[PDB]
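Since the structure comes first, as structure tokens, the remarks are kept for the end.
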Ligand SMILES: CCN(CC)c1ccc(C(=O)NN)cc1
């Protein structure tokens with residue numbers, strides 16, 4: 600089997616991407632944030648605290664003939680930005696892009712934090728990291744990908760995110776028309792539950808490439824590129840008037856700037872992030888100070904290849920017995 604679904608930016612900045620997902624019988628379609636940095640499929644629902652729902656589409660298990668309470672199971676998660684959610688759990692039929700998993704754990708939110716409430720376009724999360732990070736207790740549950748894997752033509756999914764445009768998530772096959780050149784694969788550590796890999800270095804603009812190992816995670820659920828302070832300083836030093844602002848919470852630059860590209864290494868291959876991908880717009884409405892798309896990871900504890908980096912490539916999440924990550928230009 601295979602599945603193929605379009606993913607669409609939620610706003611003009613590509614703050615996140617949503618993908619339609621069918622849950623239950625008759626289908627209930629919710630737009631979920633596919634997140635390769637976590638491992639819970641959770642949704643806004645008929646159980647969510649009413650004051651915490653603001654425009655989201657909700658899952659109503661009582662309207663699904665295939666929903667079953669997973670008795671006694673609860674879940675609770677918090678993310679690196681400090682957002683969080685929790686609730687109870689149902690099993691139900693879930694389909695993505697034509698691909699169906701029966702018996703999928705669907706985590707029903709009873710509580711969500713303000714950041715989720717405020718994002719009216721995101722109806723929940725679909726985790727695609729390793730199932731060892733799933734938060735359901737007392738019986739840990741499998742991700743959609745883990746459950747689907749034995750049915751797939753190939754034990755892979757691919758992320759092809761667009762810049763200010765729709766993209767695609769594919770399950771079970773690699774679309775050879777979606778990229779240019781060849782795919783370079785690189786080793787993955789699953790020790791922390793993430794798609795954790797080691798970049799071979801970087802370059803700023805047309806500058807020479809610096810060979811240096813940078814361990815990080817491939818995270819579709821994180822907007823920006825978070826890298827060591829040394830690397831990030833080297834980047835922003837090439838932008839007149841850029842500075843790190845403690846009041847804003849990171850590097851800012853003059854909105855009149857043209858940004859240099861940023862290259863990261865994948866083995867002997869190179870992925871180039873165009874400068875415009877690194878512009879996240881005014882820090883506040885009408886401001887002439889713009890927020891940078893490359894930020895320091897210092898104090899996060901991990902480097903994060905978020906959407907800013909991933910959207911510059913065609914990315915293969917290879918869930919074979921020895922998992923690997925592939926990157927191609929596109
Ligand atoms: C509103 C809060 N949202 C929705 C954009 C989040 C989505 C994904 C993550 C995350 O850490 N993913 N790995 C964190 C927050």
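Numbering (the working numbering), first residue to last: 600 to 929.
For every residue, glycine included, the Cβ atom is placed at its ideal position computed from N, Cα and C.
Local Cβ density within 10 Å of residue i, reported as buried at 16 or more and exposed below that
i           : result
residue 804 : exposed
residue 668 : exposed
residue 680 : exposed
residue 900 : exposed
residue 842 : exposed
residue 717 : exposed
residue 910 : buried
residue 638 : buried
residue 791 : exposed
residue 625 : exposed
residue 644 : buried
residue 752 : exposed
residue 817 : buried
residue 765 : exposed
residue 579 : It is not possible to answer for residue 579, since the shown part of the chain is limited to 600 through 929.
residue 853 : exposed
residue 771 : buried
residue 736 : exposed
residue 919 : exposed
residue 814 : exposed
residue 647 : buried
residue 719 : exposed
residue 927 : buried
residue 828 : exposed
residue 684 : buried
residue 836 : exposed
residue 775 : exposed
residue 895 : buried
N- and C-terminal bounds of the alpha helix (DSSP H) containing residue i
i           : result
residue 928 : Note, residue 928: premise wrong, no alpha helix (DSSP H); beta strand (DSSP E) at 923–928.
residue 744 : 743–747
residue 751 : Unbroken run through residue 751: none, as it is neither H nor E.
residue 908 : 906–909
residue 713 : 713–717
Boundaries of the beta strand (DSSP E) in which residue i is found, first to last residue
i           : result
residue 862 : 861–865
residue 628 : 627–634
residue 841 : Here residue 841 belongs to no beta strand (DSSP E), and DSSP marks it neither H nor E.
residue 850 : 849–853
residue 725 : 723–726
residue 873 : No beta strand (DSSP E) contains residue 873, which DSSP labels as neither H nor E.
residue 888 : 888–891
residue 735 : From DSSP, residue 735 is part of no beta strand (DSSP E); its letter is neither H nor E.
residue 591 : For the chain, the structure presents residues 600 to 929; residue 591 sits outside this window and is missing.
residue 602 : 602–608
residue 884 : Note, residue 884: premise wrong, no beta strand (DSSP E); not H, not E.
residue 740 : Neither: residue 740 is in no beta strand (DSSP E) and is coded neither H nor E.
residue 640 : 640–642
residue 901 : Premise fails: residue 901 is in no beta strand (DSSP E) and is neither H nor E.
| Can you pull every residue whose C-beta falls closer than 6 Å to some heavy atom of ligand 1, listed in chain order? | 615, 632, 634, 636, 637, 678, 679, 680, 682, 714, 715, 718, 721, 818, 820, 821
Measuring CB atoms only, is the stretch 709–716 touching the stretch 734–742, in the sense that at least three cross pairs come out at less than 8 Å?
no
Original post:
Counting pairs of beta carbons, one from the stretch 644–661 and one from the stretch 744–764, are three or more of them closer than 8 Å?
Top reply: no
Q. Is the stretch 906–916 touching the stretch 757–774 in the sense that three or more CB pairs, one from each, lie closer than 8 Å?
A. yes
* Enumerated in chain order, which unbroken segments of the beta strand (DSSP E) with a length of 3 residues or greater are wholly contained in the stretch 768–818? -> 779–786, 795–803, 809–817
Fill in: Length at least 3, wholly inside the stretch 647–702: the beta strand (DSSP E) runs in chain order
667–677, 683–695
Checklist line | Segment contact, 8 Å Cβ cut-off, at least three pairs: the stretch 687–698 with the stretch 658–677 | finding: yes
Are the stretch 818–826 and the stretch 888–899 touching, with three or more C-beta to C-beta distances below 8 Å? yes
Quick check: the stretch 794–803 against the stretch 846–863, are at least 3 beta-carbon pairs closer than 8 Å? yes
(Q) Tell me whether the stretch 691–708 and the stretch 657–664 touch, counting them as touching only if at least three CB pairs, one residue from each stretch, are closer than 8 Å. (A) yes
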